[PDB]
Amino acid sequence: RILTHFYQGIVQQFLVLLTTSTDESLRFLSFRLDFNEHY
Amino acid sequence: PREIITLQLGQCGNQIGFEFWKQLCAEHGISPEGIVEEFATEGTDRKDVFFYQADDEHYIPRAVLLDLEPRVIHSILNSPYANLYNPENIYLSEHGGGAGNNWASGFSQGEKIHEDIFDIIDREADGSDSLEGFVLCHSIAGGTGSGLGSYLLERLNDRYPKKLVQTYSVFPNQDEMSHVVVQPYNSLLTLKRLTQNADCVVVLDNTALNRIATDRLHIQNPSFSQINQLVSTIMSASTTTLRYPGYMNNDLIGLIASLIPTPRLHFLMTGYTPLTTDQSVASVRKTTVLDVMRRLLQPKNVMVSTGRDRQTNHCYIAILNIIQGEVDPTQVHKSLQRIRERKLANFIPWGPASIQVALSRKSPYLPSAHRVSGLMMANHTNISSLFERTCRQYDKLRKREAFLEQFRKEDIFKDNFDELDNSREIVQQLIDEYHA
Amino acid sequence: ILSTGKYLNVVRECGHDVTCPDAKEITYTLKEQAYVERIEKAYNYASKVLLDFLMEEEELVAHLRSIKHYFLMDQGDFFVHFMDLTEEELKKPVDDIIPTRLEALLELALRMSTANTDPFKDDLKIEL
């Protein structure tokens with residue numbers, strides 16, 4: 001359970017930096033990651 | 001996001017909501033069984049605010065329809081608009097009810113089907129993680145819509161406390177008292193629940209319907225097939241900021257927040273002028289916005305039976321004037337310029353008033369993108385005349401020994417009649433006190 | 001001469017085949033207002049092909065529509081959702097990964113309440 005809590009904090013830290021868009025088709029990359037975790 | 005669940009209930013509440021959903025497909029450019037037009041996304045920029053969000057571009061209605069009478073639902077499935085409705089969200093085939101005509105019937109039937117009535121209507125609640133609220137599209141006439149509708153105004157107040165409640169309720173007819181005689185009893189029992197167990201209402205009088213139904217509509221025998229035409233347009237007119245893309249008060253908690261002065265003062269007067277099809281041949285010459293709101297404050301389009309000589313000591317506090325479609329917005333501030341010169345609205349002497357005007361583009365359709373439409377949501381303090389009309393018909397009936405022995409056999413042991421009388425007079429006294 | 005001169009450099013940047021003449025060669029009468037006739041002949045074709053170019057393809061009307069929707073703030077269905085999400089993240093001092101999560105909420109709501117067209121509204125970059 002501590003490792004699942006470590007895992008979910010990494011994937012939250014993933015999607016934050018993936019929404020930190022520098023915009024050279026980075027809007028395309030931020031589109032794909034919220035689609036995976038929610039759908 | 002902004003998903004609202006409509007609670008269609010009763011013999012009259014199911015029919016006024018049936019053509020309300022039927023009105024929405026003609027303006028969204030969609031069919032109830034398919035998508036044949038591409039006008040749904042390029043013309044309309046928002047569709048998932050009253051419908052359920054799509055799984056196959058099939059916008060399911062977020063609607064529930066319960067009634068004791070099976071006659072209102074058997075006139076639905078043969079119509080080709082019932083395939084848009086789902087036979088698993090509310091009921092499957094052969095749904096029934098009571099016998100049945102009583103206010104105490106549906107008031108006692110709410111806690112015996114308590115497990116099933118809070119099971120399938122809550123499945124649509126968690127579809128969106130930010131629920132707007134609940135609108136009880138119910139009736140006051142009869143014992144079907146008034147008996148069961150008073151129960152859900154109590155148990156949804158604490159189970160869903162952070163949600164907006166506001167209803168488009170229709171008032172019954174007070175012409176003669178032969179077919180129904182239980183009309184003063186079931187109306188005032190629901191009217192108490194509409195003020196303290198409910199935030200806002202939208203009143204819709206029945207004696208004011210045939211005032212308009214013979215005004216320009218030219219009928220000789222008044223039928224029930226005309227009651228759905230005045231009601232379904234102003235329902236879709238009230239959500240034009242909410243369905244179509246608007247900016248300010250584009251939510252249902254936006255419009256109602258800017259009009260209610262205080263709790264137990266929420267009865268809003270409604271007005272809607274354009275209902276005639278032969279006006280279409282002369283709207284080609286740029287009919288402007290400068291003449292459409294001069295007749296809204298003039299008591300001609302009102303749907304509330306009120307006194308004509310009682311408006312001098314009463315004062316408007318909040319008045320809404322909604323223009324739709326083609327507005328020509330370079331003269332919409334010009335229309336609001338002419339309001340202060342006439343002073344057709346009496347203003348409250350203790351505080352400021354407000355004439356709020358808003359606009360939104362209508363459907364990409366030829367009767368909609370050509371003719372000007374004006375929706376009024378007034379709030380005037382002459383609404384106690386209806387409350388004086390209902391109370392004078394209430395205490396006169398209790399002195400005639402009418403329905404005091406025929407009404408207290410089931411689930412009524414104490415006299416709750418003056419519990420409704422004082423709370424109604426509390427509304428009538430705080431209205432006149434509100435202008436100091 | 002320079003306003004038509006800086007003009008011709010842009011049309012060369014569009015393409016080499018697209019030039020502005022419309023061939024008004026041998027010119028320059030000895031007499032006095034020779035200049036201004038050749039000024040308007042170049043300036044009125046500068047009126048021509050740029051009504052042809054930018055309104056048709058480079059879409060200054062369609063850019064300025066979406067320019068007027070997110071600073072002058074029309075299209076208030078998508079907009080009020082993202083201002084609620086921006087308010088939730090700006091009620092505290094920001095951390096390092098917080099601006100990246102702010103940028104993830106921008107294009108999320110674009111396909112929630114749809115705009116006029118969604119891959120054209122990707123010109124919005126977030127700053128503080």
# chains A, B, ... in the order shown; residues from 1 in each chain; ligands from 1

$ residues_around --residues "residue 171 in chain B" --least-positions-apart "5" --cutoff "12 Å" --atoms "only C-alpha atoms" --output "compact mmCIF listing (two decimals) with N, CA and C atoms, in the first residue's frame"
# COMPACT_ATOMS: atom_id res chain seq x y z
N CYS B 12 -50.66 16.69 -15.31
CA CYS B 12 -50.39 17.84 -16.16
C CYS B 12 -48.90 18.11 -16.32
N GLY B 13 -48.08 17.73 -15.34
CA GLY B 13 -46.65 17.94 -15.42
C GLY B 13 -45.94 17.06 -16.42
N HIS B 138 -43.82 19.69 -11.91
CA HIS B 138 -45.01 19.05 -11.38
C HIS B 138 -46.21 19.98 -11.52
N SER B 139 -47.34 19.52 -10.99
CA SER B 139 -48.60 20.24 -11.08
C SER B 139 -49.16 20.49 -9.68
N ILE B 140 -50.02 21.50 -9.61
CA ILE B 140 -50.81 21.76 -8.42
C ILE B 140 -52.24 21.25 -8.55
N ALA B 141 -52.79 21.23 -9.77
CA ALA B 141 -54.14 20.73 -9.99
C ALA B 141 -54.20 19.22 -9.78
N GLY B 142 -55.31 18.76 -9.21
CA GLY B 142 -55.49 17.35 -8.92
C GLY B 142 -54.75 16.92 -7.67
N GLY B 145 -50.39 15.14 -8.89
CA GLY B 145 -49.17 15.93 -8.87
C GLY B 145 -48.93 16.68 -7.58
N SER B 146 -49.98 16.95 -6.81
CA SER B 146 -49.85 17.68 -5.56
C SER B 146 -49.59 16.77 -4.37
N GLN B 183 -59.88 21.20 -4.52
CA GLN B 183 -58.89 22.17 -5.00
C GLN B 183 -58.33 23.14 -3.95
N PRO B 184 -59.10 23.69 -2.99
CA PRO B 184 -58.44 24.52 -1.96
C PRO B 184 -57.59 23.74 -0.98
N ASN B 186 -55.61 20.62 -1.54
CA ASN B 186 -54.34 20.12 -2.05
C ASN B 186 -53.43 21.23 -2.58
N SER B 187 -53.98 22.41 -2.87
CA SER B 187 -53.15 23.50 -3.38
C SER B 187 -52.36 24.16 -2.26
N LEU B 188 -53.02 24.47 -1.14
CA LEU B 188 -52.35 25.15 -0.03
C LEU B 188 -51.38 24.24 0.71
N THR B 190 -49.39 22.09 -0.83
CA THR B 190 -48.18 22.15 -1.63
C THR B 190 -47.58 23.56 -1.62
N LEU B 191 -48.42 24.59 -1.47
CA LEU B 191 -47.92 25.96 -1.46
C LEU B 191 -47.11 26.28 -0.21
N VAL B 201 -40.20 29.46 -7.21
CA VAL B 201 -41.20 28.88 -8.10
C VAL B 201 -41.33 29.78 -9.31
N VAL B 202 -41.98 29.24 -10.35
CA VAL B 202 -42.39 30.01 -11.52
C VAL B 202 -43.88 29.76 -11.67
N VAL B 203 -44.69 30.77 -11.36
CA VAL B 203 -46.13 30.59 -11.33
C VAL B 203 -46.69 30.61 -12.75
N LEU B 204 -47.73 29.80 -12.98
CA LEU B 204 -48.39 29.66 -14.28
C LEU B 204 -49.88 29.48 -14.02
N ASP B 205 -50.64 30.56 -14.15
CA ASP B 205 -52.06 30.54 -13.83
C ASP B 205 -52.86 29.86 -14.94
N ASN B 206 -53.98 29.25 -14.55
CA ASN B 206 -54.88 28.60 -15.49
C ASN B 206 -55.99 29.51 -15.99
N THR B 207 -56.49 30.41 -15.14
CA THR B 207 -57.50 31.37 -15.58
C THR B 207 -56.91 32.43 -16.50
N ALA B 208 -55.60 32.64 -16.45
CA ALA B 208 -54.91 33.54 -17.37
C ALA B 208 -54.51 32.85 -18.67
N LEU B 209 -54.66 31.53 -18.76
CA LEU B 209 -54.33 30.83 -20.00
C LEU B 209 -55.40 31.08 -21.06
N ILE B 227 -52.86 23.82 -23.91
CA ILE B 227 -52.13 24.16 -22.69
C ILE B 227 -50.64 23.87 -22.83
N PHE B 267 -42.17 34.48 -6.16
CA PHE B 267 -43.19 34.22 -7.16
C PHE B 267 -42.99 35.20 -8.32
N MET B 303 -49.29 36.34 -17.35
CA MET B 303 -49.92 35.06 -17.08
C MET B 303 -50.32 34.94 -15.61
N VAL B 304 -50.66 36.06 -14.97
CA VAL B 304 -51.00 36.11 -13.55
C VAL B 304 -52.27 36.93 -13.41
N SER B 305 -53.29 36.34 -12.80
CA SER B 305 -54.54 37.04 -12.52
C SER B 305 -54.33 37.96 -11.32
N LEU B 386 -53.47 36.88 -5.63
CA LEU B 386 -53.72 35.45 -5.79
C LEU B 386 -53.72 34.74 -4.44
N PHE B 387 -52.87 35.19 -3.52
CA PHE B 387 -52.84 34.59 -2.19
C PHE B 387 -54.03 35.03 -1.36
N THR B 390 -56.82 32.70 -2.93
CA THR B 390 -56.79 31.31 -2.49
C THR B 390 -57.16 31.18 -1.02

$ interface_residues --of "chain C" --to "chain B" --cutoff "8 Å" --atoms "only C-alpha atoms" --output "PyMOL selection string"
chain C and resi 74-77+81+113-116

$ residues_around --residues "range 34-37 of chain B" --least-positions-apart "5" --cutoff "12 Å" --atoms "only C-alpha atoms" --output "list in words"
residues 25, 26, 27, 28, 29, 42, 43, 44, 54, 56, 57, 58, 59, 60, 80, 81, 83, 84 and 364 of chain B

$ write_last_selection --atoms "N, CA and C atoms" --output "PDB file, in the first residue's frame"
ATOM      1  N   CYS B  25     -35.633  19.250 -29.843  1.00  0.00           N
ATOM      2  CA  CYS B  25     -35.026  18.629 -31.017  1.00  0.00           C
ATOM      3  C   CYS B  25     -35.178  19.479 -32.273  1.00  0.00           C
ATOM      4  N   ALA B  26     -36.265  20.245 -32.378  1.00  0.00           N
ATOM      5  CA  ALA B  26     -36.480  21.085 -33.553  1.00  0.00           C
ATOM      6  C   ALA B  26     -35.532  22.275 -33.587  1.00  0.00           C
ATOM      7  N   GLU B  27     -35.033  22.702 -32.431  1.00  0.00           N
ATOM      8  CA  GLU B  27     -34.103  23.824 -32.364  1.00  0.00           C
ATOM      9  C   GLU B  27     -32.648  23.392 -32.301  1.00  0.00           C
ATOM     10  N   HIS B  28     -32.369  22.168 -31.858  1.00  0.00           N
ATOM     11  CA  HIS B  28     -31.013  21.642 -31.920  1.00  0.00           C
ATOM     12  C   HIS B  28     -30.673  21.056 -33.280  1.00  0.00           C
ATOM     13  N   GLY B  29     -31.636  20.964 -34.191  1.00  0.00           N
ATOM     14  CA  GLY B  29     -31.383  20.374 -35.492  1.00  0.00           C
ATOM     15  C   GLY B  29     -31.198  18.876 -35.460  1.00  0.00           C
ATOM     16  N   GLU B  42     -22.286  23.241 -35.597  1.00  0.00           N
ATOM     17  CA  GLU B  42     -21.834  24.516 -36.146  1.00  0.00           C
ATOM     18  C   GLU B  42     -22.775  25.650 -35.767  1.00  0.00           C
ATOM     19  N   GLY B  43     -24.078  25.381 -35.722  1.00  0.00           N
ATOM     20  CA  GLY B  43     -25.046  26.396 -35.355  1.00  0.00           C
ATOM     21  C   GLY B  43     -25.226  26.529 -33.855  1.00  0.00           C
ATOM     22  N   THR B  44     -25.369  25.402 -33.168  1.00  0.00           N
ATOM     23  CA  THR B  44     -25.521  25.373 -31.719  1.00  0.00           C
ATOM     24  C   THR B  44     -24.195  24.971 -31.092  1.00  0.00           C
ATOM     25  N   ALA B  54     -23.463  12.492 -24.828  1.00  0.00           N
ATOM     26  CA  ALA B  54     -23.691  11.511 -25.877  1.00  0.00           C
ATOM     27  C   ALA B  54     -22.774  10.303 -25.753  1.00  0.00           C
ATOM     28  N   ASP B  56     -23.392   7.873 -28.616  1.00  0.00           N
ATOM     29  CA  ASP B  56     -23.363   7.589 -30.043  1.00  0.00           C
ATOM     30  C   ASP B  56     -23.916   8.769 -30.835  1.00  0.00           C
ATOM     31  N   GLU B  57     -23.679   9.990 -30.336  1.00  0.00           N
ATOM     32  CA  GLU B  57     -24.408  11.208 -30.718  1.00  0.00           C
ATOM     33  C   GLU B  57     -25.915  11.013 -30.577  1.00  0.00           C
ATOM     34  N   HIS B  58     -26.324  10.399 -29.470  1.00  0.00           N
ATOM     35  CA  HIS B  58     -27.731  10.264 -29.103  1.00  0.00           C
ATOM     36  C   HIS B  58     -27.910  10.953 -27.754  1.00  0.00           C
ATOM     37  N   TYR B  59     -28.389  12.191 -27.789  1.00  0.00           N
ATOM     38  CA  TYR B  59     -28.516  13.012 -26.590  1.00  0.00           C
ATOM     39  C   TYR B  59     -29.760  12.569 -25.827  1.00  0.00           C
ATOM     40  N   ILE B  60     -29.558  11.701 -24.840  1.00  0.00           N
ATOM     41  CA  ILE B  60     -30.618  11.161 -23.992  1.00  0.00           C
ATOM     42  C   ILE B  60     -31.167  12.284 -23.121  1.00  0.00           C
ATOM     43  N   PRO B  80     -43.835   9.237 -32.342  1.00  0.00           N
ATOM     44  CA  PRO B  80     -42.468   8.898 -32.760  1.00  0.00           C
ATOM     45  C   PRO B  80     -41.367   9.608 -31.985  1.00  0.00           C
ATOM     46  N   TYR B  81     -41.695  10.406 -30.976  1.00  0.00           N
ATOM     47  CA  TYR B  81     -40.700  11.074 -30.149  1.00  0.00           C
ATOM     48  C   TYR B  81     -40.402  10.320 -28.860  1.00  0.00           C
ATOM     49  N   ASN B  83     -39.060   7.212 -28.737  1.00  0.00           N
ATOM     50  CA  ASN B  83     -37.865   6.380 -28.860  1.00  0.00           C
ATOM     51  C   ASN B  83     -36.626   7.110 -28.362  1.00  0.00           C
ATOM     52  N   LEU B  84     -36.687   8.441 -28.289  1.00  0.00           N
ATOM     53  CA  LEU B  84     -35.619   9.207 -27.662  1.00  0.00           C
ATOM     54  C   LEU B  84     -35.601   8.974 -26.154  1.00  0.00           C
ATOM     55  N   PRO B 364     -30.546  28.021 -35.625  1.00  0.00           N
ATOM     56  CA  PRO B 364     -30.465  28.278 -37.079  1.00  0.00           C
ATOM     57  C   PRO B 364     -31.698  27.758 -37.813  1.00  0.00           C
TER      58      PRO B 364
END

$ residues_around --residues "residue 38 in chain C" --least-positions-apart "6" --cutoff "12 Å" --atoms "only C-alpha atoms" --output "list in words"
residues 1, 4, 21, 23, 24, 25, 26, 27, 28, 29, 44 and 45 of chain C

$ select_by_dssp --residues "chain C" --states "helix (DSSP H, G or I)" --output "count of residues only"
76

$ closest_atom_pairs --of "chain A" --to "chain C" --cutoff "10 Å" --atoms "only C-alpha atoms" --output "Markdown table"
| residue | atom | partner | partner_atom | distance |
| --- | --- | --- | --- | --- |
| A:12 | CA | C:101 | CA | 9.6 |
| A:13 | CA | C:97 | CA | 7.3 |
| A:14 | CA | C:97 | CA | 9.3 |
| A:15 | CA | C:101 | CA | 7.3 |
| A:16 | CA | C:101 | CA | 4.4 |
| A:17 | CA | C:100 | CA | 5.0 |
| A:18 | CA | C:100 | CA | 6.6 |
| A:19 | CA | C:104 | CA | 3.8 |
| A:20 | CA | C:100 | CA | 2.7 |
| A:21 | CA | C:103 | CA | 6.1 |
| A:22 | CA | C:125 | CA | 8.2 |
| A:23 | CA | C:125 | CA | 7.4 |
| A:25 | CA | C:122 | CA | 9.3 |
| A:26 | CA | C:122 | CA | 9.8 |
| A:27 | CA | C:107 | CA | 7.0 |
| A:28 | CA | C:107 | CA | 9.1 |
| A:29 | CA | C:104 | CA | 9.7 |
| A:30 | CA | C:104 | CA | 6.0 |
| A:31 | CA | C:107 | CA | 6.9 |
| A:33 | CA | C:104 | CA | 9.3 |
| A:34 | CA | C:108 | CA | 8.0 |
| A:35 | CA | C:108 | CA | 9.3 |

$ select_by_dssp --residues "range 66-211 of chain B" --states "strand (DSSP E)" --output "list in words"
residues 66, 131, 132, 133, 134, 135, 164, 165, 166, 167, 168, 200, 201 and 202 of chain B

$ residues_around --residues "residue 252 in chain B" --least-positions-apart "3" --cutoff "12 Å" --atoms "only C-alpha atoms" --output "PyMOL selection string"
chain B and resi 2-4+49-50+131-135+163-167+200+238-243+248-249+255-259

$ write_last_selection --atoms "N, CA and C atoms" --output "mmCIF file, in the first residue's frame"
data_model
loop_
_atom_site.group_PDB
_atom_site.id
_atom_site.type_symbol
_atom_site.label_atom_id
_atom_site.label_comp_id
_atom_site.auth_asym_id
_atom_site.auth_seq_id
_atom_site.Cartn_x
_atom_site.Cartn_y
_atom_site.Cartn_z
ATOM 1 N N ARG B 2 -23.018 21.529 -15.876
ATOM 2 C CA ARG B 2 -24.207 22.290 -15.513
ATOM 3 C C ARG B 2 -25.454 21.451 -15.780
ATOM 4 N N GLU B 3 -25.414 20.187 -15.361
ATOM 5 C CA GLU B 3 -26.479 19.248 -15.681
ATOM 6 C C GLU B 3 -27.643 19.398 -14.710
ATOM 7 N N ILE B 4 -28.842 19.583 -15.255
ATOM 8 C CA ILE B 4 -30.065 19.705 -14.469
ATOM 9 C C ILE B 4 -30.940 18.490 -14.734
ATOM 10 N N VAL B 49 -26.404 20.330 -21.769
ATOM 11 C CA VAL B 49 -26.739 21.028 -20.536
ATOM 12 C C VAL B 49 -28.102 20.630 -19.977
ATOM 13 N N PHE B 50 -29.026 20.137 -20.794
ATOM 14 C CA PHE B 50 -30.263 19.518 -20.342
ATOM 15 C C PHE B 50 -30.345 18.059 -20.750
ATOM 16 N N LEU B 131 -23.278 18.714 -10.024
ATOM 17 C CA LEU B 131 -24.692 18.768 -10.356
ATOM 18 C C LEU B 131 -25.245 20.168 -10.107
ATOM 19 N N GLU B 132 -26.048 20.649 -11.056
ATOM 20 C CA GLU B 132 -26.646 21.975 -10.943
ATOM 21 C C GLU B 132 -27.756 21.999 -9.898
ATOM 22 N N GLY B 133 -28.780 21.179 -10.089
ATOM 23 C CA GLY B 133 -29.866 21.136 -9.131
ATOM 24 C C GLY B 133 -31.013 20.301 -9.643
ATOM 25 N N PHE B 134 -32.198 20.574 -9.106
ATOM 26 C CA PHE B 134 -33.405 19.836 -9.451
ATOM 27 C C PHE B 134 -34.535 20.815 -9.729
ATOM 28 N N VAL B 135 -35.216 20.626 -10.852
ATOM 29 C CA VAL B 135 -36.451 21.337 -11.161
ATOM 30 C C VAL B 135 -37.606 20.342 -11.124
ATOM 31 N N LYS B 163 -27.797 21.936 -3.700
ATOM 32 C CA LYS B 163 -28.326 22.001 -5.052
ATOM 33 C C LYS B 163 -29.457 23.020 -5.137
ATOM 34 N N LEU B 164 -29.547 23.670 -6.294
ATOM 35 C CA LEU B 164 -30.608 24.634 -6.560
ATOM 36 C C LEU B 164 -31.937 23.921 -6.725
ATOM 37 N N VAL B 165 -32.964 24.419 -6.049
ATOM 38 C CA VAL B 165 -34.330 23.989 -6.303
ATOM 39 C C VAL B 165 -35.145 25.194 -6.770
ATOM 40 N N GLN B 166 -35.924 24.981 -7.834
ATOM 41 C CA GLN B 166 -36.768 25.976 -8.491
ATOM 42 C C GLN B 166 -37.691 25.249 -9.456
ATOM 43 N N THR B 167 -38.993 25.536 -9.426
ATOM 44 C CA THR B 167 -39.956 24.756 -10.191
ATOM 45 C C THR B 167 -40.758 25.629 -11.148
ATOM 46 N N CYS B 200 -37.463 28.740 -4.972
ATOM 47 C CA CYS B 200 -38.139 29.572 -5.956
ATOM 48 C C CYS B 200 -39.195 28.759 -6.688
ATOM 49 N N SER B 238 -36.523 30.234 -21.250
ATOM 50 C CA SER B 238 -35.849 30.535 -19.995
ATOM 51 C C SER B 238 -34.425 29.994 -19.943
ATOM 52 N N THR B 239 -34.083 29.038 -20.806
ATOM 53 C CA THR B 239 -32.754 28.437 -20.827
ATOM 54 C C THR B 239 -31.955 28.848 -22.060
ATOM 55 N N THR B 240 -32.327 29.964 -22.691
ATOM 56 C CA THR B 240 -31.595 30.422 -23.866
ATOM 57 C C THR B 240 -30.216 30.952 -23.505
ATOM 58 N N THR B 241 -30.061 31.510 -22.306
ATOM 59 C CA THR B 241 -28.723 31.839 -21.832
ATOM 60 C C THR B 241 -27.974 30.588 -21.389
ATOM 61 N N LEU B 242 -28.702 29.530 -21.033
ATOM 62 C CA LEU B 242 -28.107 28.310 -20.501
ATOM 63 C C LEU B 242 -27.831 27.275 -21.586
ATOM 64 N N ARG B 243 -28.741 27.118 -22.554
ATOM 65 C CA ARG B 243 -28.517 26.163 -23.637
ATOM 66 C C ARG B 243 -27.630 26.766 -24.721
ATOM 67 N N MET B 248 -23.364 36.263 -19.463
ATOM 68 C CA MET B 248 -23.765 36.610 -18.106
ATOM 69 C C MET B 248 -25.115 35.997 -17.772
ATOM 70 N N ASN B 249 -25.204 35.449 -16.556
ATOM 71 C CA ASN B 249 -26.333 34.649 -16.077
ATOM 72 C C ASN B 249 -26.648 33.503 -17.040
ATOM 73 N N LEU B 255 -29.623 33.305 -13.111
ATOM 74 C CA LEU B 255 -30.823 34.095 -13.365
ATOM 75 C C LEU B 255 -31.633 34.294 -12.089
ATOM 76 N N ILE B 256 -31.807 33.228 -11.310
ATOM 77 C CA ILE B 256 -32.646 33.266 -10.120
ATOM 78 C C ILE B 256 -31.982 34.060 -8.995
ATOM 79 N N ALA B 257 -30.650 34.138 -8.990
ATOM 80 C CA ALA B 257 -29.950 34.897 -7.960
ATOM 81 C C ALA B 257 -30.166 36.402 -8.091
ATOM 82 N N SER B 258 -30.378 36.911 -9.302
ATOM 83 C CA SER B 258 -30.492 38.347 -9.533
ATOM 84 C C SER B 258 -31.927 38.852 -9.482
ATOM 85 N N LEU B 259 -32.874 38.015 -9.068
ATOM 86 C CA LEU B 259 -34.274 38.413 -9.032
ATOM 87 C C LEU B 259 -34.954 38.202 -7.681
#

$ closest_residue --among "B:296, B:378, B:260, B:117" --to "residue 315 in chain B" --atoms "only C-alpha atoms"
B:378

$ residues_around --residues "range 217-221 of chain B" --least-positions-apart "4" --cutoff "9 Å" --atoms "only C-alpha atoms" --output "PyMOL selection string"
chain B and resi 212-213+275-276

$ residues_around --residues "residue 347 in chain B" --least-positions-apart "4" --cutoff "7 Å" --atoms "only C-alpha atoms" --output "PyMOL selection string"
chain B and resi 315-317+353

$ write_last_selection --atoms "N, CA, C and O atoms" --output "compact mmCIF listing (two decimals), in the first residue's frame"
# COMPACT_ATOMS: atom_id res chain seq x y z
N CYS B 315 -44.89 47.94 -5.82
CA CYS B 315 -43.68 48.41 -6.48
C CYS B 315 -42.90 47.23 -7.04
O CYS B 315 -42.74 46.21 -6.36
N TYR B 316 -42.41 47.38 -8.27
CA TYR B 316 -41.50 46.40 -8.84
C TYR B 316 -40.14 46.49 -8.15
O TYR B 316 -39.70 47.57 -7.75
N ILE B 317 -39.48 45.35 -8.01
CA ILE B 317 -38.16 45.32 -7.40
C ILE B 317 -37.15 44.76 -8.40
O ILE B 317 -36.04 45.27 -8.53
N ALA B 353 -33.79 49.55 -7.75
CA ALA B 353 -34.41 48.56 -8.62
C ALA B 353 -33.43 48.21 -9.74
O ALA B 353 -32.31 48.73 -9.80

$ atom_distance --atom1 "CA of residue 331 in chain B" --atom2 "CA of residue 64 in chain C"
23.9 Å
